[PDB]
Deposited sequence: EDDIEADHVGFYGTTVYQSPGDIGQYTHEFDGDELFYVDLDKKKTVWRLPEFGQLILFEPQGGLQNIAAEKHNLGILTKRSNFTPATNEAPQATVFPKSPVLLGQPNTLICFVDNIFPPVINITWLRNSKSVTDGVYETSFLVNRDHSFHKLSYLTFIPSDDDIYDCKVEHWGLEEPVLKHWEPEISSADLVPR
C-alpha cells in the first residue's frame, strides 16, 4: 500500500527437510539484522545500529518455533504439496565507477530465489576466490520469492575475469555471470 516507510518486523522462514529456519528485520527494503539461531546472537548489518538499539534473540527463536510448528500443520493440510523450484536471475555490478587500480566491490544480485536454498560463489580467472566475501540473508520479495546479495572486494584490473557462480535446484547447471574490467563478453 501507499506508505512513506515500511518496516519488516518479525519476518520468519522455515523449511522442513533439514529444519532450516531464518529470522530477520528490514527497514525500507534494507536488511537490519538477522539472528544466529546457532550462537543465539542478534547480528546487525550496520553494526553501528546495534550499538544504539537492541533485539532480544529469544524473540526470533520464539518465532522460529511458531513457524516450525505451523509448517508441520500446513504440510498435512495441503496434502503434502511441496515447493516449486524457480529459476533465479543473477546480475553483477560494481558499487562504484570501476577505475583501474582503485579498490572497489563487485556485487552479485540474485533474484527469484525459491526455495530459499542457494549457493553463491565467486571465481577470478576461473578459480574460486574466497576473499573479503560477504553475503546478505535471504531478503524477502513481494511475490514470496527471495533475493540475495554477495560481495567481492577487488582492485580493478584488465587482466582478470570474474564470475558469480549461482547454484540452485531450479538450476540445471551452475549459472556463471561474467564481469571483466576490459568489457569481457563471456571469456
Parts of the chain sequence, as deposited, that carry no C-alpha coordinates in this structure: 1-3, 183-186
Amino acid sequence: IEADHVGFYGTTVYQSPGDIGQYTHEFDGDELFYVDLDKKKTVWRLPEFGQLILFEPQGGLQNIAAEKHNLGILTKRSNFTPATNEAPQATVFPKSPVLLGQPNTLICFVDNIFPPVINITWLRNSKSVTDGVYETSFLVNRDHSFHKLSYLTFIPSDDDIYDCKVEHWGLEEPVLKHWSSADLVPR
From here on, numbers count along this sequence of modelled residues.
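Only the largest set of C-alpha atoms that superpose within 1.5 Å between the two forms is called the rigid core.
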Between 151-159 and 59-67, the one whose CA atoms sit farther away in 6 other deposited structures of this protein (rigid core aligned): 151-159
Greater Cα displacement in 6 other deposited structures of this protein once the core is superposed, comparing 45-53 with 133-141: 45-53
Mean C-alpha temperature factor, higher of 5-13 and 167-175: 167-175
Stretch with the higher entry mean CA B-factor, where the candidates are 59-67 and 157-165: 157-165
Highest-ranked of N112, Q102, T75, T91 once sorted by CA temperature factor in the record: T75
Largest Cα B-factor, entry values, listed residues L37, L149, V140, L32: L37
Record-listed C-alpha B factor of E135: chain third: middle
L52, C-alpha B-factor rank within chain (lowest, middle or highest third): highest
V43 by Cα B-factor - lowest, middle or highest third of the modelled chain: middle
Third of the chain, ranked by Cα B-factor, where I120 sits: lowest
